[PDB]
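A short write-up of the structure that comes next.
Nothing in this text is a laboratory measurement; each read-out follows from the coordinates by a stated rule. Note that each Cβ is placed from the backbone with ideal geometry, even for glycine, and that neighbours are counted across all protein chains shown.
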Amino acid sequence: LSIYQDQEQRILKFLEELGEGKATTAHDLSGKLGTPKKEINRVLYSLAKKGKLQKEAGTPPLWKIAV
Amino acid sequence: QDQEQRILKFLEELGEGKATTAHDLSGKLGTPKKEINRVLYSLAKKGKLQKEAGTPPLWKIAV
DNA sequence: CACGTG
DNA sequence: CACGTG
């Protein structure tokens, strides 16, 4: 229940309530949560390393829950 | 654009054929590498500097 | 314009 | 690992 974990949870929750295969950008996420895109991306890539999220390469990249 | 100037001088004040890096310029100038580069790429497009190498890039006055 | 970078 | 980016 740390502040960083709360942030990770906020992002994971946002993406989970997105839908089946729907993805979103770091830009959108940053805007909805009121957090700078840099911090968001730092968390998104980190969570992808942990396997919880999948990055769909592109410009910009799209993010969603893994598998 | 005083910032641009300061960087511009420092660079012309460099040895004949010696090229430097944004990282080095940051330490040698006590300025964030973000602004350094912002200037470096601008001066390069403006033809006042030249960039070579790749990872990272090396900067020296243009001839 | 992708950029997350410690 | 480059990264300059508003």
Problem set entry | Max mean-square fluctuation residue, GNM over chain B, Cα-Cα springs under 10 Å, options B:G17, B:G27, B:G47 | B:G17
Exercise. Which ³J(HN,Hα) values, rounded to whole Hz and listed in residue order, are derived for segment B:35-40 from phi using the Karplus coefficients 6.51, -1.76 and 1.60 in 6.51 cos²θ - 1.76 cosθ + 1.60 with θ = phi - 60°, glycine and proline given as x?
Worked result: 5, 3, 4, 3, 6, 3
Problem set entry | Amide H within-cut-off set for A:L53, under 5 Å, with H built and near neighbours excluded | A:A48, A:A66
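Given A:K52/B:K33; A:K22/B:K33; A:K55/B:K46; B:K9/B:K45; B:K9/B:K51, which pairs have Cα atoms separated by over 28 Å?
Numbers: A:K52/B:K33 33 Å; A:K22/B:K33 37 Å; A:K55/B:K46 37 Å; B:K9/B:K45 17 Å; B:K9/B:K51 17 Å.
The pairs that break the limit, which is 28 Å between Cα atoms, are A:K52/B:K33; A:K22/B:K33; A:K55/B:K46.
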Problem set entry | ³J(HN,Hα) computed for each position of segment B:8-20 - Karplus, 6.51 cos²θ - 1.76 cosθ + 1.60, integer Hz, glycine/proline x | 4, 4, 2, 6, 7, 7, 10, x, 1, x, 8, 10, 10
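Sort A:50-60, A:34-44 for me by packing, meaning the mean count of neighbouring Cβ atoms within 10 Å per residue, highest on top.
On the way: A:50-60: 11.6, A:34-44: 15.1.
Top of the packing list down: A:34-44, A:50-60.
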Seminar exercise, completed: Karplus ³J(HN,Hα) for segment B:44-55 (6.51 cos²θ - 1.76 cosθ + 1.60, θ = phi - 60°; Hz, whole; x = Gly/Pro) runs 5, 5, 6, x, 8, 9, 10, 10, 9, 6, x, 10
For this session: Give me the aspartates and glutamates in straight-line cross-link reach of A:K49: C-alpha distance below 20 Å, same-chain residues under 8 apart excluded.
Result: A:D6, A:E8, A:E16, A:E39
For this session: Hey, can you grab everything whose amide H is under 5 Å from the amide H of B:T20? Only 5+ residues off in sequence or another chain; H modelled, so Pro and N-termini drop out.
Result: B:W59, B:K60
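Hey, what number do you get for the protein assembly as shown at 222 nm if only DSSP H runs of n ≥ 4 count, each worth -39500 (n - 2.57), divided across all residues, to the nearest 500?
Values: 6 runs with 67 residues, N = 130.
That comes out to -15500 deg cm²/dmol.
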